[PDB]
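Enquirer: here's my sequence, what's the structure:
(one chain, ligands or ions: 2)
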Amino acid sequence: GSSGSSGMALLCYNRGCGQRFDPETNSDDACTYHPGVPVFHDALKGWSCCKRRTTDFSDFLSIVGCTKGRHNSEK
Ligand SMILES: [Zn+2]
Ligand SMILES: [Zn+2]
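Expert: Residues are numbered from 1 along each chain as shown. Ligands and ions are numbered 1, 2, ... in the order given. I have put the structure below:
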């Protein structure tokens, strides 16, 4: 019975996501990325898309997307 293999998980190419996703399920509200750009002011790394701002280089790359859409299977 053990079985679990797929082949429709497209890799997202949206800043902030870079995660996989399903096309047959993908929706305008299933992908959370940042339509803006990475900014660094006062040691506060963020994006010109949202108001989110963090000083931890780690958090910056974690900042969940502020926008919603369909995962980009293309760069
Ligand atoms: Zn954002
Ligand atoms: Zn995505």
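Enquirer: can you pull the contacts of the residue nearest the centre of the chain?
Expert: Most central in the chain under CA atoms, centre = their mean is residue 17, positioned 1.7 Å from the mean C-alpha point. Contact criterion CB atoms under 8 Å, 6 or more residues apart in numbering gives 31-33, 65, 71-72 as the residues in contact with residue 17. The way it works is simple: take the backbone N, C-alpha and C, and place the C-beta from them, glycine included.
Enquirer: near ligand 2, which of those residues show up?
Expert: 31, 71 (CB under 5 Å from the ion).
Enquirer: how about the contacts of residue 17 in TSV, adding secondary structure and neighbour count?
Expert: Output for those, formatted as TSV (DSSP: H, G, I helix; E, B strand; the rest coil; neighbours: other CB atoms under 10 Å):
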residue	secondary structure	neighbour count
31	strand	20
32	coil	17
33	coil	24
65	coil	21
71	coil	24
72	coil	18
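Enquirer: looking at the contacts of residue 17, which is nearest residue 58?
Expert: Sorting those by how near they are to residue 58, with CB to CB, puts residue 65 at the top with 16.6 Å.
Enquirer: nearest spatial neighbour of the closest one, skipping sequence neighbours?
Expert: Sequence neighbours aside, residue 32 is the residue nearest to residue 65 in space, at 3.3 Å (criterion: CB to CB, 6 or more residues apart in numbering).
Enquirer: same check, this time on residue 21
Expert: Beyond its immediate neighbours in the sequence, the residue positioned closest to residue 21 (CB to CB, 6+ apart) is residue 71, lying 3.8 Å away.
Enquirer: the residue nearest to residue 65 and residue 3: what is the separation?
Expert: Between residue 32 and residue 3 the computed distance is 30 Å (CB to CB, to the nearest Å).
Enquirer: could you give the number of residues near the nearest residue in space to residue 27 that is not next to it in sequence?
Expert: Nearest residue to residue 27, sequence neighbours excluded (CB to CB, 6+ apart): residue 70, at 6.6 Å. Around residue 70 there are 17 other residues, counting by other CB atoms under 10 Å.
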